[PDB]
Amino acid sequence: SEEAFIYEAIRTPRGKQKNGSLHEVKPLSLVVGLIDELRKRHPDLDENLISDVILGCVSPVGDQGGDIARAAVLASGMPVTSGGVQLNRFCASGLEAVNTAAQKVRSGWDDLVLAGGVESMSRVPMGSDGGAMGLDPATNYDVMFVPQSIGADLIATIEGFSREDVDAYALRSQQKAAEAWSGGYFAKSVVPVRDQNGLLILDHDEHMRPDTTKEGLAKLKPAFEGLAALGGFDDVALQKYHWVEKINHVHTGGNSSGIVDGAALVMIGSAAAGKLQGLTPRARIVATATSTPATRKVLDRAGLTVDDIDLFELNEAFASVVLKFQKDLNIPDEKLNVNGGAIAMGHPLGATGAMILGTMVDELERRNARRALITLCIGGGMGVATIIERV
Amino acid sequence: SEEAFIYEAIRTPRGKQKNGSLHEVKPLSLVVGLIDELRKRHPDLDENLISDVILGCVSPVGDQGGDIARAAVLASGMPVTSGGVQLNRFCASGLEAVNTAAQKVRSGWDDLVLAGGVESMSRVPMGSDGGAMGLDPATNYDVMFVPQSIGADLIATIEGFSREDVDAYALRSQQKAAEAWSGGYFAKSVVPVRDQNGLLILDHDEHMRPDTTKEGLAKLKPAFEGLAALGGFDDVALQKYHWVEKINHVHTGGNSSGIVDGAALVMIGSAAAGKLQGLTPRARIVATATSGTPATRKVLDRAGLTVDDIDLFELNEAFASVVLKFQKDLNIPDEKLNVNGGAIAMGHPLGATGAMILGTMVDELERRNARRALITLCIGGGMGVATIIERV
Amino acid sequence: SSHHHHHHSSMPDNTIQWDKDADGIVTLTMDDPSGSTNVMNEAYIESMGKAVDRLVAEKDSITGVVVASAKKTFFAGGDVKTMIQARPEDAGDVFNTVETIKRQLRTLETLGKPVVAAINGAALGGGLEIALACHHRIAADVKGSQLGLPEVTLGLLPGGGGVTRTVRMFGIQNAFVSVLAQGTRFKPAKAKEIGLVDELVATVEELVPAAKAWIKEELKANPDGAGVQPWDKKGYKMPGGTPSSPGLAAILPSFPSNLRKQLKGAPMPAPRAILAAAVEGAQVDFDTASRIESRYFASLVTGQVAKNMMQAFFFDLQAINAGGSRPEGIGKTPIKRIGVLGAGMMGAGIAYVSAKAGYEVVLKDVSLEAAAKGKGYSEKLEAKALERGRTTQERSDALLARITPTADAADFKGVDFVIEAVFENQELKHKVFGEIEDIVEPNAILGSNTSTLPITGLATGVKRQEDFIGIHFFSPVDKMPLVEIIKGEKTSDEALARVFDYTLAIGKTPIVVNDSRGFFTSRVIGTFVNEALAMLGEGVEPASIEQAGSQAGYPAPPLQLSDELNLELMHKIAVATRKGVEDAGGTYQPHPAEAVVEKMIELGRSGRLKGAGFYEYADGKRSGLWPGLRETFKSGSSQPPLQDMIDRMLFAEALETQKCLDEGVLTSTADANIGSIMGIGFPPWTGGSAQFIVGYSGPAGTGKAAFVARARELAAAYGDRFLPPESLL
Ligand SMILES: N#Cc1ccc(S(=O)(=O)O)cc1
Ligand SMILES: N#Cc1ccc(S(=O)(=O)O)cc1
Ligand SMILES: N#Cc1ccc(S(=O)(=O)O)cc1
Ligand SMILES: N#Cc1ccc(S(=O)(=O)O)cc1
């Protein structure tokens, strides 16, 4: 019934893994800093009208455990009636928080909701939380557990993407990311991280290597050779995909997503809640879907096709996943991840979905375009997708 | 928009903490066993219709980590397109997963959803996930962290509930739980736990002590008079509630919820998904609300109902003082409150209690042939979730 | 990245001497030419930067380092004159300064060579932090030497690596509780037992030879780990466990609530910052942990509480213990035998602290029985000190042997210092002194321990009015550190100096006050307790009043303090103030607390001495608030904010201190600040009752102007006694 709008979409810069500037910052403080930024931009907002805070988080242990969304509500001095729930849907958690907040708005039983994600992978690495399908041998044996990296090399093998092909895309993602930063595209959405004295900690995306060449990319050695022969994950993969003979390992650290820290926040509310609080909507949530065949599920649900979409935003977990997605729907090259992606800027698990959503809200406004499609954790499996309209 | 209906609501028995029958059973096996029970009751269900599995889990670490909802989808042989998301909202997680399932259907962007929760506290104790607060003394210092056990003691001192008053309610909960088990009320929704060979592991809620007497409860010693100044939480509570001089520690292991293991599953869906699969609705989700005692009024203000319109109230028995205050504050008739016992007798598996006591009301509504039930959870403090269901 | 604070186009003083020996051991001797103590100043950071740059450049010919000092102490303190001028915009400069300091110690500690700290005298603050960067610490067991990190007592924290290194050495809990939270100072023998120091030697001459001996043996016996700290090896395990270990994570959430309980809710930010840096630092590597420690350090230095505690517990105490209120041209007059009149809790405590200091004491009362029980006060104090192991039987017997109980006035033969502690009555002190003034030495100081009665009227009862003087002690005398020296109109300048010398001899702190009814302490403590009783009459819950006192920072809540002051004494004090105004013709405006006082006297509950006050007393111990208190005053009918109750008490004492300075009662704000903290218990985070105005910080602003604005808020809502004096406008 109701229509879900986006009123704000902010995010911290992404601090790298080794010698990272955000390594000393607790993930709880990453979120609170973004909350205090929303206050700075709307000091008239009645925080009593915020009915939930939904944060994506893939490794909710240690610094990120104990319902980190509730801790953000308490530590930032929000009303005790603002709730706070953490969720986990692997790489899609950040976008699942946004879509859930949109659905909670449409159901009429929620008015204004904060959604987003946080992930400090240099303080809490992935896998730190455990898991059955990894640490319970009966289930692991039956489901044929294979890490997502080996699957990406498999995709490059079947589809026929060479090492030269994945590295060519890795270069474009670095070039577009440098052009977007130098052009001021990120000036209003990237909120620099400061300490308790106002001193600056980080203001740019550290993982970027804007001077990348294709000769340096070719010098890197494949990144998942030691993992595929540590536990024999090549052999387990080829037992199910039995028609392929040998996996071609073409993914390195220069064409896979970076391991970084960061957070993002999105203010989602109804039209009526926006007028009362003096908020202007920036985008509208057209449709959300869960399932390439999750992108189609959200196209049919919104009565749209590929030609009607102005911009496509696919998370760059691995180059071959983006290339395969580009040839499956014939996505033009100038519509796909226009302002760089996770290969250049990093992939902070629980926050990535909410980060790249805000990146499209701003590029729609900057380009004066209509629609954009965002999707993560893609390639069948457990993917999510969302279409936004600029308003 | 589109009405969300409950189609099935089943749960495991609750296995006690020490020498418990469920201690050997992985929490992933608790969920999978319920998923297999739904197949036994609806063998012709097209599992490609199911578009998400939402499981609440307060300590998603160890056996319960790595998105246990997704492990269940894969381990039980459900289609890869059935998703799987874990969430944490403290005691309310099991009910927040159900309300989120109902809201995903009301949005129109989902049709059939499995929701519930799981918690093996004997294998993953409370607090095992760490905490964005305990590892951060600054936050803990400022927000004045107080464990819910001390707060329940403070509620009894402020509201005037004596040690006999909280024991009187504990005796009531054990009596009504025994009558519900002997009466056969839980025969069709408590799915016995079996091993890989089909042998019985647990068929009843073994935390119950149906022979409880007023004297046996009076001999128990206060449970949180050893954590009070041991951490200084009694003083931290009185710095905030400064008009109170002394906290009366009346809550013991006999009038507080039990540490148990269990899981619960509810099948939420639209009317169209019901007719298409050959499913008859059992109840309807009328309204949901999140606030915090004020979430109960916020959900009544949303369905247009009063206290007298509700036939059954189901509030989690985390502590006796919490339920007693909720009863006196809204003038709840005693015959309408936790009629089949509660967490004091049967246990409180954090991530799963929400879906467990919701399914308890769907069955009691049909047994009594009543209309509306109100289920509320994690009321203490700032959080809290409430839901209204109507028998269909 | 540099060991020097500046790297662009005067010059400080060199404070470190470089000596390299034949074997290749470099000796770093610290000796600042501009002071008798080595301090953490700009001259040291530049000097230590040059020496560290030189250790790295000559690393191929250097085999080990010894850190020594040329003063009587090792290294103690910092440049407080510079730290107190740190404003919020200086946080960048503070952060960079401590990062440079710690980078110097980080290079010295990972030099690849053994470094030994030759701790000759006292190493406090930055001194111990320098010694903690070394790999081995030898201390000279000498009289007066102290080792510790007392930065918290000035509102700071060990910012030069003290928090990170002590946590890495002793674990989170043992570091915070034993070393960091209270800034405990240790003796060289106690430091060896807790791991702060490794070896002890007998004299300073053996230190450098013992260090060089340890270096030579270390390079032979264990070469792979020479110059490697335990936390820089692969198999390091923090004692007590990391924060993410199961044993520590079960009690960890209870550390802040225990700290919230020791402070009773008081707004003192330094221990909070220490606990945060300790725990947050134990979660990361050393160099990241060290940087977190800098950020928490910078926020404390640029804050207000630190400036208040530095102003009070450094500058104000410097001026007092330098003789600020002592007369100039007076010499030393040694004291032979002390006479104490009265075996009550005051006189017995006075006799104890005098005997503990080595003075011969004669304790006189009206009967030998009472006098003998007065000396029993010292027996029970020495019994506890024996069981706890703080004194020997030899030391304890000599202390008790200097107390001589008597009932005879003639036992005051050769007494040259009288301290009367009898019932506070004008004509009793006349009779008691009349029987003593002729037996004592003709040059005897005749002191009186009076709380309110003016000394000028008391001095008329003796013939030598020039040597009659007020000497006000505080109960219990063995723990309370202040003595209020009260000068009458006829009291000479020599008597002040001789009592001033006696205060420092017994190890207490003296303030000098001019004569006036109520003096300073008793008059200001009355405004504090009268505010609380006013709230009780207004209808505020008694539990809220007591919480308001504790969360403000007072050592004792006001209703608990009132029972100990005795309501009978409080009432006739108000009768004396009422008479002093009605005799001058004026009309008396009573305090609303006088109605509450007379009601408790009316109900037979005059305090603790009579077994019933605002609290109940059973078996000689306090046992909960009196239940009938809420019905007597209709408690709950008035529920003001807690911050308003807290401010009413703080402001009542601050304003009354100001009126004491305007009337010449006190002669300096140093006396007002220290006399309010050590005397009546005014919260230490304020820097005193006078610093509370110049340093005031509230939601509306900072400083004297904000204090005046808040006092006018309180006046509009609670009464015109909060209107600031004209001297503040
Ligand atoms: N340590 C230190 C320190 C450095 C600079 C300053 S100042 O603000 O520049 O006067 C104050 C303290
Ligand atoms: N600035 C500064 C400073 C002054 C004294 C001390 S100490 O605690 O007396 O060693 C430590 C630091
Ligand atoms: N009647 C009486 C009396 C009082 C005190 C003493 S004593 O000498 O002080 O012990 C002796 C007799
Ligand atoms: N100095 C002193 C002193 C002695 C006795 C008393 S009392 O009134 O007897 O309690 C009060 C003060």
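Residues numbered from 1 in each chain as written, not as in the entry; some residues may be left out. Chains lettered and ligands numbered in written order. Part of a larger assembly, values for the part shown. Heavy atoms only, no water.

Under the PDB entry, chain C has the name 3-hydroxyacyl-CoA dehydrogenase and belongs to Mycobacterium tuberculosis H37Rv. Recorded in UniProt for chain C, the comment headed Catalytic activity (unreviewed entry) runs: "a (3S)-3-hydroxyacyl-CoA + NAD(+) = a 3-oxoacyl-CoA + NADH + H(+)". (UniProt positions renumbered as here; feature names shortened; annotations may be inferred.)

Under the PDB entry, the name given to chain A is Putative acyltransferase Rv0859, and the organism recorded is Mycobacterium tuberculosis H37Rv. Heading Sequence similarities of the UniProt record for chain A holds this comment: "Belongs to the thiolase-like superfamily. Thiolase family."

Peer 1: How should I be thinking about the overall build of chain C in this particular structure?
Peer 2: When helices and strands are counted, chain C shows 29 helices and 22 strands. What you see for chain C is a C-alpha radius of gyration of 29 Å, in line with the 27 Å of a compact globule of 729 residues. In terms of its C-alpha atoms, chain C occupies a principal-axis envelope of roughly 90 × 60 × 55 Å. Looking at chain C as a whole, 56% of its 729 residues qualify as buried. Here chain C displays about 30,900 Å² of accessible surface, and carbon together with sulfur accounts for 51% of that area. Across chain C, 76 positive and 87 negative side-chain charges occur, with their mean positions spaced 3 Å apart. (Helix = DSSP H or I, 4+ residues; strand = E, 2+ residues; numbered from the N terminus. Rg over C-alpha atoms; globule rule 2.2 N^0.38 Å. Buried < 20%, exposed > 50% of the residue type's maximum accessible area, 1.4 Å probe, protein only. Areas by Shrake-Rupley, 256 points an atom, 1.4 Å probe, with all protein chains shown as cover. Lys, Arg positive; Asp, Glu negative; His and termini not counted. Charge placed at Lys NZ, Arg CZ, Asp CG, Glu CD.)

Peer 1: Just checking my understanding: could you explain the UniProt feature "active site" in chain A for this structure?
Peer 2: Residues and elements named next belong to chain A. Under the UniProt annotation, "active site" lies at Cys-91, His-347 and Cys-377. What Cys-91 contacts, discounting residues up to four positions off in sequence, is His-347, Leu-349, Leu-376 and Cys-377. Relative to the helices and strands, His-347 resides in the loop between helix 14 (342-345) and helix 15 (349-367). Those residues in contact with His-347, other than ones at most four positions away along the chain, are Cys-91, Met-121, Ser-257, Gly-258, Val-260, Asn-315, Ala-342 and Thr-352. (Contact = heavy atoms within 4.5 Å.)

Peer 1: What should I look at first to understand the side chain of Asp-52 of chain A in this one?
Peer 2: Along the polypeptide, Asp-52 of chain A turns up in strand 2 (residues 50-56). Among the polar contacts made by the side chain of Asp-52 of chain A, one reaches the side chain of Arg-89 of chain B at a distance of 2.8 Å. Residues in contact with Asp-52 of chain A, not counting those within four places in the same chain, are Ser-82, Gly-83, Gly-84, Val-85, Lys-104, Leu-112, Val-113 and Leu-114 of chain A together with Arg-89 of chain B. (Polar contact = N/O pair within 3.5 Å; in protein donor to acceptor, adjacent residues only side chain to side chain.)

Peer 1: Looking at this model, I keep getting lost on the domain arrangement of chain C. Mind explaining?
Peer 2: As a measure of interface size, the accessible area lost when the parts come together is often cited. Residues and elements named next belong to chain C. Here chain C is partitioned into domain 1 (1-334), domain 2 (335-518) and domain 3 (519-729). Taking the mean C-alpha position of each, domain 1 and domain 2 sit 42 Å from one another. Facing the 12 residues of domain 1 at the interface are 14 residues of domain 2. Roughly 1,100 Å² of surface becomes buried between domain 1 and domain 2 when both sides are summed, with 65% attributable to carbon and sulfur atoms. Contact with domain 2 buries surface across domain 1, with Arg-326, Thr-333 and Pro-334 losing the most and accounting together for 40% of the total. Taken together, the connections running from domain 1 to domain 2 amount to one salt bridge. The shortest N-O distance in the salt bridge between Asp-501 and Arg-326 comes to 2.8 Å. Joining domain 1 to domain 2, the criterion identifies one residue pair in polar contact. A breakdown of the residues in the side of domain 1 that touches domain 2 according to their chemical character gives five nonpolar, five polar and two charged. (Domains from an automatic or database assignment. Buried area = accessible area lost by both parts, 1.4 Å probe. Salt bridge = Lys/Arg side-chain N within 4 Å of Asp/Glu carboxyl O. Nonpolar A, V, L, I, M, F, W, Y, C, P; charged D, E, K, R; others polar.)

Peer 1: What is the right way to look at the interface of chain C and chain A in this model?
Peer 2: Across the boundary between the two partners, chain C contributes 14 residues, which contact 10 residues of chain A. With both sides pooled, the region where chain C packs onto chain A buries about 1,000 Å², and carbon together with sulfur makes up 45% of that total. It is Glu-280, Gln-283 and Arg-295 of chain C that lose the most area in chain C upon contact with chain A, and together they represent 46% of the buried surface on that side. One can count three salt bridges joining chain C with chain A. Put simply, the parts of the chain that give the side of chain C that touches chain A at least two residues each are helix 3 (91-109) and helix 12 (286-301) of chain C. No other element matches helix 12 of chain C, which puts seven residues into the side of chain C that touches chain A. Across the side of chain C that touches chain A, the residue classes break down as six nonpolar, four polar and four charged.

Peer 1: Would you mind showing me how to read the site of ligand 2 here?
Peer 2: Residue and element names in this part refer to chain C. Taken together, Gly-77, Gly-78, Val-80, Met-83, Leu-124, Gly-125, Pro-150, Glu-151 and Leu-154 are the residues near ligand 2. Between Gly-125 and ligand 2, the recorded distance is 3.3 Å, taken from a backbone N or O atom to an oxygen atom. Take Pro-150: an N or O atom from its main chain is 3.3 Å from an oxygen atom of ligand 2. Its residues placed into classes, the shell around ligand 2 shows five nonpolar, three polar and one charged. (Near = heavy atom within 4 Å.)

Peer 1: Just to check I follow, could you spell out empty space enclosed by the protein for this structure?
Peer 2: Using a probe with the size of a water molecule, rolled over the atoms, empty space left in the structure can be pinpointed. As a volume, the largest cavity reaches approximately 120 Å³. Along the wall of the largest cavity there are 16 residues; nearest its centre are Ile-54, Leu-87 and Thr-100 of chain A together with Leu-87 and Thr-100 of chain B. Put simply, the parts of the chain that give the lining of the largest cavity at least two residues each are strand 2, strand 3 (85-88) and helix 3 (93-106) of chain A together with strand 3 (50-56), strand 4 (85-88) and helix 3 (93-106) of chain B. In terms of residue class, the lining of the largest cavity is built from six nonpolar, two polar and eight charged. Space inside the second largest cavity adds up to approximately 70 Å³. Looking at the lining of the second largest cavity, the elements that each hand over two or more residues are helix 3, strand 9 (283-290) and helix 11 (294-303) of chain B. (1 Å grid on protein atoms, 1.4 Å probe; cavity = no way out; pocket = protein on both sides within 12 Å on 5 of 7 lines; lining within 4 Å. Points joined across faces, edges and corners; volume = space filled by probe spheres on them.)

Peer 1: Just to check I follow, could you spell out the site of ligand 1 for this structure?
Peer 2: All names here are of chain C. Near ligand 1 the following residues occur: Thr-82, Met-83, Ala-86, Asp-90, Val-94 and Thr-97. For ligand 1, an oxygen atom lies 3.5 Å from a polar atom in the backbone of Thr-82. Contacts to ligand 1 include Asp-90, whose side-chain N or O atom sits 2.8 Å from an oxygen atom. Elements supplying a minimum of two residues to the shell around ligand 1: helix 2 (80-83) and helix 3. Here the shell around ligand 1 is built from residues that sort into three nonpolar, two polar and one charged.

Peer 1: How should the side chain of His-207 of chain B be read in this particular structure?
Peer 2: Positionally, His-207 of chain B belongs in the loop between strand 7 (200-202) and helix 7 (214-218). In contact with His-207 of chain B, other than residues within four places in its own chain, are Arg-14, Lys-16, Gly-258, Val-260, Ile-344, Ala-345, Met-346 and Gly-347 of chain B.

Peer 1: Before we go on, may I ask you to explain the UniProt feature "binding site: CoA 4" (unreviewed entry) in chain C in this structure?
Peer 2: Residue and element names in this part refer to chain C. Annotation from UniProt places "binding site: CoA 4" (unreviewed entry) at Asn-174, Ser-178 and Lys-190. Note that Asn-174 resides in helix 6 (residues 172-180). Here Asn-174 falls in the partly exposed class, since its relative accessible area comes to 48%. Here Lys-190 is to be found in helix 7 (residues 188-193). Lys-190 gets classed as partly exposed once you look at its relative accessible area, which sits at 48%.

Peer 1: When you look at the nonpolar core in this model, what are you seeing that I'm missing?
Peer 2: In globular proteins that are soluble, nonpolar side chains generally tend to be buried together. The biggest cluster of nonpolar side chains holds 156 residues, and the ones touching the most others in it are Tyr-44, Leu-55, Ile-119, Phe-614, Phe-651, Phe-692 and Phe-707 of chain C. Per-element tally for this core: the top contributor is helix 26 (residues 642-662) of chain C, with nine residues. The next biggest cluster of nonpolar side chains, apart from the first, holds 105 residues, and it includes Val-113, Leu-315, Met-361 and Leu-377 of chain B. (Core = buried A, V, L, I, M, F, W, Y, C linked by side-chain atoms within 4.5 Å.)

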